[PDB]
DNA sequence: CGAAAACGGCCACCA
DNA sequence: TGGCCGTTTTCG
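Chains as they are written, first to last, in UniProt numbering: chain A, 101 to 270, 289 to 339; chain B, 101 to 270, 289 to 339.
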């Protein structure tokens, strides 16, 4: 179980993400999906006794929001070497849906030589909206997304890593494929509300957390 | 009669599913169809005196929602070996309608060597909607579904096992073929309402049940 | 004959 | 209602 670094969120998840499965967090923009991704990108490298996976991180960005400085902040919060964190995070920006899936081909071969624990795909659904904008082409983007999700599940079962994808809510296919769906909504200021909206094992429940300069971290009224 | 593991639902069914016949549960998404399937996948292995069938389980998944951990939770609830439960559940994900029917060919030969009591097909109608999306191809998916249902009835009469298929309600052919139709709807929180909408023997009636971490289990206000 | 435009008709979404 | 395409006519 990879620690989220929010204790309340860890309790909500019973200790953190299950490696080897896809966890989807759907919420409005600015809810902190990207911030949680940046935090996990570092916490994954933490020792297992500290809630990490003792593995490198993979950040596939489609939205430009990748900040190595956020990774440095998370590393210094938990006392990890920021330089080693950036050395254990491989980053690449996907320009389109086809490029987004093509990067998985390099990811599968690269993930064999080194132990990874986390795969991050940020604005995973944005490129299927910007690229495929027509109505007759909807089935094509749905097929590409389906294949992409199957590839995610395959890599998860192959390397035993956690698969994190982010969705902006301004597909029903992900429900059966994703094991845990988390709904994120803004509480005013920088403090966010998290809700579980389906889990066969986890209750439907809510937990409050905040977005702090160092971290994605528990709410401290 | 295979125990549902909800006492109120067992009373609704007069003790549980009749083996050798198809029981259809149609309801909205998140009503708990999959949860009931996971529970039954373990309860089938229970002794007959405990409401089981003393047989192995078969889970054909089309939606990715298969969770061995849910099976482990159901096994520990009723005190069954979780490892033996997973050893008595054969699992396979159908990628399309043709693959969904093709898996029945392996199922028929495999079900001869060992005693099974339950066959689960989850999102059974989803692949006929994702694969066959056009309007001119509707008769083709209806024919494939008809043949699939006939194969289900044949296997039910051959092995005396319970046939469970799940349908998302966002065909009229199943009515004559399915013996008991159950309508599932959400009560808020995790507690679900079950209604019988046709049975020649069972009354039209309703029963309240809940979805608990261990189990599909009676409502406990 | 044919550019071009002016109309007409047809479709998309979901209401 | 907006867009696109078939057409029709109109003017050179």
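Don't be surprised by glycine CBs; every beta carbon is placed ideally from N, CA and C.
Within 10 angstroms of the beta-carbon of residue 330 of chain B lie 16 or more other beta-carbons, which makes it buried.
With a threshold of 8 angstroms between beta carbons, residue 130 of chain B makes contact with chain A. Selection A:310, A:328, A:297 and A:339 evaluated against residue 316 of chain A yields A:297 as nearest (Cα-Cα).
Put simply, the CB of residue 118 of chain B is far from chain A, with every gap to its CB atoms at 8 angstroms or more. The residue among A:108, A:246, A:203 and A:222 with its C-alpha nearest the C-alpha of residue 295 of chain A is A:246.
With fewer than 16 neighbouring CB atoms inside 10 Å of its own CB, residue 338 of chain A falls in the exposed class. Our two residues, residue 183 of chain B and residue 143 of chain B, have alpha carbons roughly 14 angstroms apart in a direct line. Around the beta carbon of residue 327 of chain A, 16 or more other beta carbons lie within 10 angstroms, which makes this residue buried. From the beta-carbon of residue 242 of chain B, no residue of chain A is found nearer than 8 angstroms; the closest lies around 20 angstroms away. At the C-beta level, residue 146 of chain B and residue 104 of chain B stay beyond 8 angstroms of one another. Using a CB distance below 8 angstroms, the part of the stretch 321 to 332 of chain A facing chain B consists of 321 and 322, ordered along the chain.
Counting C-beta atoms within 10 angstroms of its own C-beta, residue 257 of chain A has fewer than 16 neighbours from the protein chains shown and is therefore classed as exposed.
Using a Cβ-Cβ cut-off of 8 angstroms, residue 170 of chain B counts as an interface residue toward chain A, since at least one Cβ of chain A sits closer than that to its own.
Identification of chain A residues near residue 104 of chain B by a Cβ-Cβ cut-off of 7 angstroms yields none; the smallest Cβ-Cβ distance measures about 17 angstroms.
Under the Cβ criterion of 8 angstroms, residue 138 of chain B is counted among the residues facing chain A. Chain B places no beta carbon closer than 8 angstroms to that of residue 257 of chain A, leaving this residue out of the contacts. Contact check for residue 123 of chain A against residue 264 of chain A passes: the beta carbons are separated by less than 8 angstroms. Per DSSP, the continuous beta strand (DSSP E) segment holding residue 156 of chain B begins and ends at 156 to 161.
CA-to-CA, the gap between residue 193 of chain A and residue 312 of chain A works out to about 27 angstroms. Following the DSSP letters along the chain, one finds residue 329 of chain B in no alpha helix (DSSP H) but inside the beta strand (DSSP E) bounded by residues 324 to 329.
A distance below 8 angstroms between beta-carbons, with the five flanking residues on each side excluded, links residue 304 of chain A to the following residues of its chain, in chain order: 128, 130, 131, 310 and 311. Listed by position along chain B, the residues whose Cβ is nearer than 8 angstroms to that of residue 316 of chain A are 130.
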